[PDB]
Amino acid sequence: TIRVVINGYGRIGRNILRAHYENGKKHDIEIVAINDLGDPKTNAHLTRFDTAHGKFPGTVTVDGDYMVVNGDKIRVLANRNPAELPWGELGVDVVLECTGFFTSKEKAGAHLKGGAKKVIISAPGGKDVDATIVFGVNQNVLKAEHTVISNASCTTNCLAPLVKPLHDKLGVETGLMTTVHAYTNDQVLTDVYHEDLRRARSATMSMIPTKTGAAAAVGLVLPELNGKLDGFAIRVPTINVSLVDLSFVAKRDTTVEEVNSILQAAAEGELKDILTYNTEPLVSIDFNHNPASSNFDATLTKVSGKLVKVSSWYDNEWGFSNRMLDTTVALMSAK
């Protein structure tokens, strides 16, 4: 059994914890501690009640130095310097690094000095991380020697399962992505100073372009695609669930039904439960709280010559949270 801690009990951290309990602790993981600078009773309240993900169906209480979730005593800690955290004295196998402040292999390595064996960054990592993993696509690159890895981004976890079967079975010459994306807490309600002049604008009233690294990052996960994809994001006024819209030039002629069949076979085969195959006339909220990384919408496929468009819905919080647990197991399992 793998002993995990969560560094940063924000939205990502809370959703990882909820994902662990809501699936019946399918993974051989015990969350033995949370480190967060906020006070425990507020963080427990925000675990019990969420707007996007509703009420936690389990039980959460705070008892002394512990937050108790479905009977499990999770040690609460509040040290801003990771190397002083008692990870070694606590037997910590994997730190889920969810603060957003320690996204390089160097900064995230402080957890190793404090006694933890490994760290998974809940976001794209520096150039210098040991690996960048989309679980279901490249977790086989993991090795026992790795100690700081990145779990990529929500968007890369949607795109890579979509493009891998298509590149294998059809061939991707080049591609361009737009992700139509729910707003996030790096955005604002009404216009206010921001480093980025577009994210400074009300997220509730506008479509807001923003830069994405996900199309390029698929090159890390699928090296044969390095340099072949580019794109951007459009943030729109929804609280959760996003859409990858990928246009690509196929290397040979194809049809709508062949493209769809390739993805259906992948969803029943090696990408089962990571990639799903959807034919019903659904809308974005129907994928809220769906734990898949990539919900391919076969109803939206278009083919015009060699030009193909494919679209996939993803819960940009819940899919990623569940993948953090899958990657935790695969990392402790690497030889």
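In this text, residue numbers run from 1 along the sequence as written.
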- Query: According to the deposited model, is the average Cα temperature factor higher in 291-299 or in 60-68?
  - Reply: 60-68
- Query: Out of 184-192 and 120-128, which stretch has the higher average CA B-factor listed in the record?
  - Reply: 120-128
- Query: For the listed residues 112, 243, 163, 203, which one has the largest C-alpha B-factor as given in the deposited model?
  - Reply: 112
- So among 41, 309, 55, 272, who wins on Cα B-factor in the entry? 41
- Item | Chain third (lowest, middle, highest) by recorded CA B-factor, residue given as residue 230 | lowest
- Task: Please rank the C-alpha B-factors of the chain's modelled residues and tell me whether residue 237 sits in the lowest, middle or highest third.
- Result: lowest
- Note on the structure: By the entry's values, the third containing the CA B factor of residue 175 is the lowest
- Assigned third (lowest, middle, highest) for the C-alpha B factor of residue 135: middle
- Comparing residue 144 with the other modelled residues of its chain, is its CA B-factor in the lowest, middle or highest third? highest
